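This is query-v2.cif (mmCIF, C-alpha atoms and all ligand atoms).
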data_query
#
loop_
_atom_site.group_PDB
_atom_site.id
_atom_site.type_symbol
_atom_site.label_atom_id
_atom_site.label_comp_id
_atom_site.auth_asym_id
_atom_site.auth_seq_id
_atom_site.Cartn_x
_atom_site.Cartn_y
_atom_site.Cartn_z
ATOM 1 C CA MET A 1 115.074 79.879 180.385
ATOM 2 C CA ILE A 2 112.935 81.918 177.979
ATOM 3 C CA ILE A 3 111.185 85.277 178.220
ATOM 4 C CA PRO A 4 107.605 84.718 179.459
ATOM 5 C CA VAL A 5 104.795 85.831 177.179
ATOM 6 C CA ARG A 6 102.629 87.380 179.910
ATOM 7 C CA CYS A 7 103.646 89.569 182.833
ATOM 8 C CA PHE A 8 103.071 88.153 186.303
ATOM 9 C CA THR A 9 101.408 91.172 187.931
ATOM 10 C CA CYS A 10 99.346 92.741 185.135
ATOM 11 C CA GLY A 11 99.548 90.421 182.129
ATOM 12 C CA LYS A 12 100.670 92.671 179.264
ATOM 13 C CA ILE A 13 102.138 90.913 176.226
ATOM 14 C CA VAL A 14 105.897 91.242 176.754
ATOM 15 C CA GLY A 15 107.399 88.186 175.038
ATOM 16 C CA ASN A 16 107.096 89.850 171.628
ATOM 17 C CA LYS A 17 109.269 92.779 172.799
ATOM 18 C CA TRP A 18 112.262 90.685 173.909
ATOM 19 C CA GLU A 19 113.976 90.806 170.512
ATOM 20 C CA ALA A 20 113.207 94.528 170.299
ATOM 21 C CA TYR A 21 114.825 95.097 173.699
ATOM 22 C CA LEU A 22 117.852 93.083 172.579
ATOM 23 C CA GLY A 23 118.082 95.250 169.466
ATOM 24 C CA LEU A 24 117.876 98.399 171.578
ATOM 25 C CA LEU A 25 120.692 97.000 173.737
ATOM 26 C CA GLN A 26 122.848 96.305 170.674
ATOM 27 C CA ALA A 27 122.092 99.926 169.763
ATOM 28 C CA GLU A 28 123.241 102.871 171.899
ATOM 29 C CA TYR A 29 120.007 102.995 173.921
ATOM 30 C CA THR A 30 120.387 102.438 177.662
ATOM 31 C CA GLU A 31 118.117 100.246 179.793
ATOM 32 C CA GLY A 32 115.992 103.146 181.029
ATOM 33 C CA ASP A 33 115.358 104.919 177.734
ATOM 34 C CA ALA A 34 114.981 101.571 175.953
ATOM 35 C CA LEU A 35 112.238 100.453 178.344
ATOM 36 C CA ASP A 36 110.658 103.904 178.039
ATOM 37 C CA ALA A 37 110.595 103.726 174.233
ATOM 38 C CA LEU A 38 109.243 100.164 174.308
ATOM 39 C CA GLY A 39 106.073 101.622 175.846
ATOM 40 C CA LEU A 40 106.409 100.225 179.386
ATOM 41 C CA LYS A 41 105.127 102.920 181.740
ATOM 42 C CA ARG A 42 104.396 100.810 184.822
ATOM 43 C CA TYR A 43 107.458 99.324 186.506
ATOM 44 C CA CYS A 44 106.185 95.725 186.444
ATOM 45 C CA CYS A 45 106.982 95.233 182.752
ATOM 46 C CA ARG A 46 110.261 97.132 183.153
ATOM 47 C CA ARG A 47 111.283 94.678 185.878
ATOM 48 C CA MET A 48 110.064 91.717 183.820
ATOM 49 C CA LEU A 49 112.268 92.736 180.892
ATOM 50 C CA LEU A 50 115.289 93.898 182.907
ATOM 51 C CA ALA A 51 115.600 91.103 185.490
ATOM 52 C CA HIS A 52 115.160 88.402 182.826
ATOM 53 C CA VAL A 53 118.175 86.226 181.998
ATOM 54 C CA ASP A 54 118.602 84.704 178.532
ATOM 55 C CA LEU A 55 119.488 81.025 178.983
ATOM 56 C CA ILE A 56 117.690 79.530 175.966
ATOM 57 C CA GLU A 57 120.818 79.928 173.832
ATOM 58 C CA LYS A 58 122.972 78.501 176.631
ATOM 59 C CA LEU A 59 120.743 75.412 176.677
ATOM 60 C CA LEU A 60 120.658 75.122 172.880
ATOM 61 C CA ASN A 61 124.467 75.146 172.927
ATOM 62 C CA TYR A 62 124.095 71.805 174.757
ATOM 63 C CA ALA A 63 121.048 70.625 172.803
ATOM 64 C CA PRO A 64 121.571 67.499 170.658
ATOM 65 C CA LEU A 65 121.128 69.298 167.333
ATOM 66 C CA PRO B 1 122.172 75.727 152.586
ATOM 67 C CA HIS B 2 123.721 79.117 151.685
ATOM 68 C CA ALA B 3 125.600 80.950 154.438
ATOM 69 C CA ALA B 4 128.963 82.530 155.160
ATOM 70 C CA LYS B 5 132.009 80.500 156.161
ATOM 71 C CA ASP B 6 131.920 81.673 159.786
ATOM 72 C CA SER B 7 128.211 82.535 160.157
ATOM 73 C CA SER B 8 128.636 83.154 163.873
ATOM 74 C CA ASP B 9 125.120 84.603 163.994
ATOM 75 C CA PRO B 10 122.283 82.045 164.266
ATOM 76 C CA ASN B 11 120.160 84.260 161.999
ATOM 77 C CA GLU B 12 122.542 83.422 159.146
ATOM 78 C CA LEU B 13 123.580 79.950 160.327
ATOM 79 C CA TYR B 14 120.059 78.497 160.615
ATOM 80 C CA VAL B 15 116.574 79.222 159.275
ATOM 81 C CA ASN B 16 113.308 79.279 161.245
ATOM 82 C CA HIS B 17 115.386 79.014 164.425
ATOM 83 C CA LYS B 18 112.897 81.201 166.356
ATOM 84 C CA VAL B 19 109.338 79.853 166.320
ATOM 85 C CA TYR B 20 107.251 83.023 166.367
ATOM 86 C CA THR B 21 103.474 82.979 166.739
ATOM 87 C CA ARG B 22 103.115 84.100 163.106
ATOM 88 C CA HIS B 23 103.738 80.488 162.033
ATOM 89 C CA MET B 24 100.353 79.493 163.489
ATOM 90 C CA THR B 25 97.870 78.584 160.742
ATOM 91 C CA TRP B 26 94.145 78.658 161.493
ATOM 92 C CA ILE B 27 92.530 75.464 160.170
ATOM 93 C CA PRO B 28 88.820 76.151 159.497
ATOM 94 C CA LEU B 29 86.196 73.657 160.644
ATOM 95 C CA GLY B 30 82.983 73.090 158.713
ATOM 96 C CA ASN B 31 81.716 76.456 157.459
ATOM 97 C CA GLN B 32 84.076 78.631 159.521
ATOM 98 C CA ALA B 33 86.120 79.404 156.395
ATOM 99 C CA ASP B 34 82.994 80.923 154.831
ATOM 100 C CA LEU B 35 81.815 82.609 158.038
ATOM 101 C CA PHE B 36 85.096 84.338 158.946
ATOM 102 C CA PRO B 37 87.034 86.022 156.108
ATOM 103 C CA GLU B 38 90.706 85.287 155.586
ATOM 104 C CA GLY B 39 92.959 87.289 157.900
ATOM 105 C CA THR B 40 90.500 87.662 160.788
ATOM 106 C CA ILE B 41 91.437 84.560 162.815
ATOM 107 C CA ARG B 42 95.126 85.160 163.555
ATOM 108 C CA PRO B 43 97.444 85.904 166.490
ATOM 109 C CA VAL B 44 97.056 89.394 167.916
ATOM 110 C CA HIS B 45 100.656 90.627 168.002
ATOM 111 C CA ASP B 46 101.996 88.126 165.422
ATOM 112 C CA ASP B 47 105.496 88.611 166.903
ATOM 113 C CA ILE B 48 105.404 86.680 170.200
ATOM 114 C CA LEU B 49 108.511 84.506 170.538
ATOM 115 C CA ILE C 1 166.693 99.569 177.927
ATOM 116 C CA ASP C 2 167.202 101.252 174.568
ATOM 117 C CA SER C 3 164.297 103.051 172.917
ATOM 118 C CA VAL C 4 165.247 101.635 169.509
ATOM 119 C CA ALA C 5 165.230 98.129 170.992
ATOM 120 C CA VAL C 6 161.813 98.685 172.576
ATOM 121 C CA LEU C 7 160.532 100.016 169.246
ATOM 122 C CA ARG C 8 161.862 97.014 167.316
ATOM 123 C CA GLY C 9 160.269 94.717 169.885
ATOM 124 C CA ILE C 10 156.862 96.407 169.858
ATOM 125 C CA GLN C 11 156.616 96.832 166.070
ATOM 126 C CA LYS C 12 156.464 93.033 165.702
ATOM 127 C CA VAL C 13 153.627 92.422 168.189
ATOM 128 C CA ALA C 14 151.644 95.669 168.037
ATOM 129 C CA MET C 15 150.217 98.201 165.595
ATOM 130 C CA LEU C 16 149.871 101.986 165.701
ATOM 131 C CA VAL C 17 146.321 103.293 166.212
ATOM 132 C CA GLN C 18 145.917 107.055 166.713
ATOM 133 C CA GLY C 19 149.397 107.335 168.206
ATOM 134 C CA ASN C 20 148.766 104.469 170.648
ATOM 135 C CA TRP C 21 149.942 100.865 170.365
ATOM 136 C CA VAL C 22 147.437 98.000 170.165
ATOM 137 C CA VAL C 23 148.489 94.358 170.340
ATOM 138 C CA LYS C 24 148.073 92.342 167.157
ATOM 139 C CA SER C 25 145.131 89.968 166.852
ATOM 140 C CA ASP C 26 147.151 86.790 166.263
ATOM 141 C CA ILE C 27 149.114 87.383 169.481
ATOM 142 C CA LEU C 28 145.877 87.263 171.480
ATOM 143 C CA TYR C 29 144.286 84.485 169.384
ATOM 144 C CA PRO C 30 146.771 81.731 168.445
ATOM 145 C CA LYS C 31 146.127 79.527 165.437
ATOM 146 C CA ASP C 32 144.959 76.617 167.619
ATOM 147 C CA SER C 33 142.647 78.768 169.771
ATOM 148 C CA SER C 34 138.958 79.521 169.227
ATOM 149 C CA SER C 35 136.243 81.891 170.389
ATOM 150 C CA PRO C 36 135.325 81.074 174.024
ATOM 151 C CA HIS C 37 131.711 82.176 173.414
ATOM 152 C CA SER C 38 130.853 80.907 169.909
ATOM 153 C CA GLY C 39 133.687 78.501 169.061
ATOM 154 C CA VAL C 40 134.475 80.081 165.677
ATOM 155 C CA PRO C 41 138.071 79.665 164.438
ATOM 156 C CA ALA C 42 140.739 82.149 165.459
ATOM 157 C CA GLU C 43 141.173 83.413 161.884
ATOM 158 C CA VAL C 44 137.681 84.929 161.888
ATOM 159 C CA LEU C 45 138.331 86.575 165.259
ATOM 160 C CA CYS C 46 141.597 88.010 163.937
ATOM 161 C CA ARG C 47 139.847 89.361 160.835
ATOM 162 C CA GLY C 48 137.135 90.952 162.970
ATOM 163 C CA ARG C 49 139.639 92.541 165.338
ATOM 164 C CA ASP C 50 141.632 93.878 162.382
HETATM 165 ZN ZN ZN D 101 103.654 94.024 183.416
#

So that I can check it, write out the structure of this file as structure tokens.
Amino acid sequence: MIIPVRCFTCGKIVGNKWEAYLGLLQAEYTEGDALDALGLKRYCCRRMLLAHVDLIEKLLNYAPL
Amino acid sequence: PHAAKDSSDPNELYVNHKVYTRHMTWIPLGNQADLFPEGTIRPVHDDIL
Amino acid sequence: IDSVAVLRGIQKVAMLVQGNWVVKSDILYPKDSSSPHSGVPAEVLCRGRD
């Protein structure tokens, strides 16, 4: 639904980097170099950010509004 | 109130559409406003969505 | 089929881009159609594609 704030394994703050990762995607940066520049050395945060699906907008498209 | 005709991007279509942690306002209790100076009690990253 | 006929047929539904032919935007997006992802009118999509 929405990017979690904390990582499951370690607990590093990752929710604040979701918009930055989306910006890097809109840019020419690839997944690997984008996650490397975001400062995620360990693979847990890389997986957290890469395997995450963005459904909040898909649900808001159905929200009452 | 002021946006483009299409405004396909939510950033331009709506305002405050992403509730970041920076919107949190610390409400002092008793003498906490005098004990802690302004700007100390705040979210750490200030950018958590 | 005649080359002049093919040219007259393609000049009405395509444009020249770096020697290649690209279909016009209105042919892909009719006036009654809309964006399948955002729902914006077809005129805006045509302007963006142009
Ligand atoms: Zn992690």

What would the selection look like, as a ChimeraX atom specification, if the PyMOL selection byres (((chain C and resi 12) around 12) and not hetatm) were run on the coordinates I just shared?
/C:5-11,13-16,21-27

May I have the residues within 6 Å of ligand ZN 101 (chain D), computed using all atoms listed in the file, as a CSV table (one decimal) with C-alpha atoms, in the coordinates of the input?
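Heads up, here's the output in out-v7.csv:
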chain,number,residue,atom,x,y,z
A,7,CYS,CA,103.6,89.6,182.8
A,9,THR,CA,101.4,91.2,187.9
A,10,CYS,CA,99.3,92.7,185.1
A,11,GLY,CA,99.5,90.4,182.1
A,12,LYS,CA,100.7,92.7,179.3
A,44,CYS,CA,106.2,95.7,186.4
A,45,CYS,CA,107.0,95.2,182.8

Applied to the shown file, which residues does the PyMOL selection byres (((chain A and resi 56) around 12) and not hetatm) return, written as a VMD selection string?
(chain A and resid 1 to 4 52 to 55 57 to 63) or (chain B and resid 17 to 18 49)

Only C-alpha atoms, please: the residues just picked out, written as a CSV table (one decimal), in the frame of the given file.
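And here's result_27.csv as it stands now:
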chain,number,residue,atom,x,y,z
A,1,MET,CA,115.1,79.9,180.4
A,2,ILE,CA,112.9,81.9,178.0
A,3,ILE,CA,111.2,85.3,178.2
A,4,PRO,CA,107.6,84.7,179.5
A,52,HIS,CA,115.2,88.4,182.8
A,53,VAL,CA,118.2,86.2,182.0
A,54,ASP,CA,118.6,84.7,178.5
A,55,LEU,CA,119.5,81.0,179.0
A,57,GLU,CA,120.8,79.9,173.8
A,58,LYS,CA,123.0,78.5,176.6
A,59,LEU,CA,120.7,75.4,176.7
A,60,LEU,CA,120.7,75.1,172.9
A,61,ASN,CA,124.5,75.1,172.9
A,62,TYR,CA,124.1,71.8,174.8
A,63,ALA,CA,121.0,70.6,172.8
B,17,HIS,CA,115.4,79.0,164.4
B,18,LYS,CA,112.9,81.2,166.4
B,49,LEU,CA,108.5,84.5,170.5

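Between residue C:37 and the candidates B:25, B:9, B:16, B:42, the tightest atom-to-atom separation, counting all atoms listed in the file, involves B:9.
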
List as a PyMOL selection string: which residues have an atom within 12 Å of (113.1, 103.6, 175.3), counting all atoms listed in the file? chain A and resi 17+20-25+27-41+46

Report as a list in words the set of chain A residues whose atoms approach chain B to within 9 Å, with distances computed over all atoms listed in the file. residues 3, 4, 5, 13, 14, 15, 16, 17, 18 and 19 of chain A

For the selection just defined, write its residues with C-alpha atoms to a file, as a short mmCIF file (atom, residue, chain, number, x, y, z; two decimals), in the frame of the given file.
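Below is the file that was written, part.cif:
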data_model
loop_
_atom_site.label_atom_id
_atom_site.label_comp_id
_atom_site.auth_asym_id
_atom_site.auth_seq_id
_atom_site.Cartn_x
_atom_site.Cartn_y
_atom_site.Cartn_z
CA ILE A 3 111.18 85.28 178.22
CA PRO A 4 107.60 84.72 179.46
CA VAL A 5 104.80 85.83 177.18
CA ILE A 13 102.14 90.91 176.23
CA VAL A 14 105.90 91.24 176.75
CA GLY A 15 107.40 88.19 175.04
CA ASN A 16 107.10 89.85 171.63
CA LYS A 17 109.27 92.78 172.80
CA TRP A 18 112.26 90.68 173.91
CA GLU A 19 113.98 90.81 170.51
#

#### Entry: Separation of atom CA of residue B:11 from atom CA of residue A:65, in Å and rounded to one decimal
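Calculated distance between atom CA of residue B:11 and atom CA of residue A:65 is 15.9 Å.
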
Go ahead and compute the interatomic distance for atom CA of residue B:14 and atom CA of residue C:36, in Å to one decimal.
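Between these atoms lies a distance of 20.5 Å.
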
Residue IDs satisfying the PyMOL selection byres ((chain C) within 10 of (chain B)), as an NGL selection string:
:C and (38-41 or 43-45)

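Pairwise distance (atom CA of residue C:4, atom CA of residue C:29) equals 27.1 Å.
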
Return stretch 27-59 of chain A, completed with N, CA and C atoms, as a tab-separated table (two decimals), in the coordinates of the input.
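Done, and the output landed in part.tsv:
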chain	number	residue	atom	x	y	z
A	27	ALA	N	121.99	98.52	170.12
A	27	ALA	CA	122.09	99.93	169.76
A	27	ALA	C	122.67	100.70	170.95
A	28	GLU	N	122.68	102.02	170.85
A	28	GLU	CA	123.24	102.87	171.90
A	28	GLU	C	122.24	103.20	173.00
A	29	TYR	N	121.01	102.71	172.90
A	29	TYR	CA	120.01	103.00	173.92
A	29	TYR	C	120.36	102.29	175.23
A	30	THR	N	120.13	102.99	176.34
A	30	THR	CA	120.39	102.44	177.66
A	30	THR	C	119.15	101.66	178.12
A	31	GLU	N	119.25	101.01	179.28
A	31	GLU	CA	118.12	100.25	179.79
A	31	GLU	C	116.91	101.15	180.03
A	32	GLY	N	117.11	102.28	180.69
A	32	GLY	CA	115.99	103.15	181.03
A	32	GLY	C	115.27	103.68	179.80
A	33	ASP	N	116.00	104.35	178.91
A	33	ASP	CA	115.36	104.92	177.73
A	33	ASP	C	114.84	103.84	176.79
A	34	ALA	N	115.49	102.67	176.77
A	34	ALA	CA	114.98	101.57	175.95
A	34	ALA	C	113.63	101.09	176.47
A	35	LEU	N	113.52	100.86	177.78
A	35	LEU	CA	112.24	100.45	178.34
A	35	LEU	C	111.19	101.55	178.20
A	36	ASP	N	111.61	102.81	178.23
A	36	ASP	CA	110.66	103.90	178.04
A	36	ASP	C	110.14	103.94	176.61
A	37	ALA	N	111.02	103.72	175.63
A	37	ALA	CA	110.60	103.73	174.23
A	37	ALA	C	109.76	102.50	173.90
A	38	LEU	N	110.03	101.36	174.55
A	38	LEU	CA	109.24	100.16	174.31
A	38	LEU	C	107.79	100.32	174.73
A	39	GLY	N	107.45	101.38	175.45
A	39	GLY	CA	106.07	101.62	175.85
A	39	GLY	C	105.69	101.07	177.20
A	40	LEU	N	106.66	100.79	178.06
A	40	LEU	CA	106.41	100.22	179.39
A	40	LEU	C	106.42	101.37	180.40
A	41	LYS	N	105.23	101.86	180.75
A	41	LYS	CA	105.13	102.92	181.74
A	41	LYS	C	105.24	102.36	183.15
A	42	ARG	N	104.34	101.45	183.51
A	42	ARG	CA	104.40	100.81	184.82
A	42	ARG	C	105.69	100.02	184.98
A	43	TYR	N	106.17	99.94	186.22
A	43	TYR	CA	107.46	99.32	186.51
A	43	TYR	C	107.43	97.80	186.47
A	44	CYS	N	106.25	97.18	186.46
A	44	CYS	CA	106.18	95.72	186.44
A	44	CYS	C	106.80	95.16	185.17
A	45	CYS	N	106.41	95.70	184.01
A	45	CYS	CA	106.98	95.23	182.75
A	45	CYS	C	108.46	95.59	182.64
A	46	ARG	N	108.85	96.77	183.13
A	46	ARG	CA	110.26	97.13	183.15
A	46	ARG	C	111.07	96.10	183.92
A	47	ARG	N	110.60	95.71	185.11
A	47	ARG	CA	111.28	94.68	185.88
A	47	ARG	C	111.28	93.35	185.14
A	48	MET	N	110.15	92.98	184.54
A	48	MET	CA	110.06	91.72	183.82
A	48	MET	C	111.12	91.64	182.73
A	49	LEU	N	111.32	92.75	182.00
A	49	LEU	CA	112.27	92.74	180.89
A	49	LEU	C	113.71	92.92	181.35
A	50	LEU	N	113.93	93.59	182.49
A	50	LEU	CA	115.29	93.90	182.91
A	50	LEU	C	115.89	92.76	183.72
A	51	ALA	N	115.12	92.18	184.64
A	51	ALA	CA	115.60	91.10	185.49
A	51	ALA	C	115.60	89.74	184.80
A	52	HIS	N	115.20	89.67	183.54
A	52	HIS	CA	115.16	88.40	182.83
A	52	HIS	C	116.55	88.03	182.31
A	53	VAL	N	116.90	86.76	182.47
A	53	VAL	CA	118.18	86.23	182.00
A	53	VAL	C	117.90	85.34	180.79
A	54	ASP	N	118.77	85.44	179.79
A	54	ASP	CA	118.60	84.70	178.53
A	54	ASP	C	119.46	83.44	178.60
A	55	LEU	N	118.81	82.31	178.89
A	55	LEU	CA	119.49	81.03	178.98
A	55	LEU	C	119.08	80.06	177.88
A	56	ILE	N	118.13	80.44	177.02
A	56	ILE	CA	117.69	79.53	175.97
A	56	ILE	C	118.85	79.20	175.03
A	57	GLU	N	119.66	80.20	174.68
A	57	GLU	CA	120.82	79.93	173.83
A	57	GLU	C	121.86	79.09	174.56
A	58	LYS	N	122.03	79.31	175.87
A	58	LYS	CA	122.97	78.50	176.63
A	58	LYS	C	122.54	77.04	176.68
A	59	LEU	N	121.23	76.79	176.69
A	59	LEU	CA	120.74	75.41	176.68
A	59	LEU	C	120.82	74.81	175.28
